[PDB]
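See structure below.
Every number for a ligand or one of its atoms is a count from 1 in the order of the listing. Just so it is clear, the values below take in all heavy atoms, side chains as well, and ignore hydrogens, waters and symmetry mates. We count residues from 1, following the sequence as given.
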Amino acid sequence: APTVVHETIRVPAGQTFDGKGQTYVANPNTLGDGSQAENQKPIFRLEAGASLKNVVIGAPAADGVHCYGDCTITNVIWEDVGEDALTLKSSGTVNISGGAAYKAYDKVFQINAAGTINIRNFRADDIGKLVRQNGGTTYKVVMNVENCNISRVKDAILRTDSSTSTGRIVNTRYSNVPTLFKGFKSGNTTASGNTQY
Ligand SMILES: [Ca+2]
């Protein structure tokens, strides 16, 4: 059944939360409405090495998923991204495979610590950017996109301000995307097997 989430669901270190394909929305009074209003609460808080899987986040999506360290996100669908889809709050590696993200006013993925994010076999439509490293920071984030299909991007698929962050987009279909990468020093971008459509 759709659950209205009132308080953030914590997923302890190394554990999985399987939503079994069920929908989870935020309570707008306790977590946030999914607007651009700053610092809304995550619907899911993942501890290091935790996994979230087979979950549908519906609107109001507040500030989606935060990961404190490594997290694997498998077949999770953001039907309408709130403030952000998933944020990396502490250093680590985010791995996404499968799922989808729609209607993100600005970013789907926000990386707020040094780390990696691999996004595989993901559908994302009508978004500002797929991954933004927190603005101005100069720590290294490795951004990697494989076998995705990304469309109607306001700004860029991958965006950074750090001269050590790397961006890799491989075998991805994309449409109405202004730039693939934005802000990387020359030599810090890789791309192959992509298709503009
Ligand atoms: Ca939205």
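The N, O or S atom of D80 lying closest to the Ca ion (ligand 1) is OD1.
Taking 3.0 Å as the threshold, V81 counts as a candidate ligand of the Ca ion (ligand 1), since one of its N, O or S atoms lies below it. Counting backbone and side-chain atoms alike, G34 contributes no N/O/S atom closer than 3.0 Å to the Ca ion (ligand 1).
The side chain to side chain contact (heavy atoms under 4.5 Å, CB included) test with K53 singles out one residue from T16, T72, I73, and that residue is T16.
Between the CD1 atom of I169 and the OG1 atom of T172 there is a distance of 7.0 Å, given to the nearest 0.5 Å.
If you look at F44 and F17, their ring centroids are closer than 6.0 Å.
No side-chain donor-acceptor contact under 3.5 Å links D126 to the backbone of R152.
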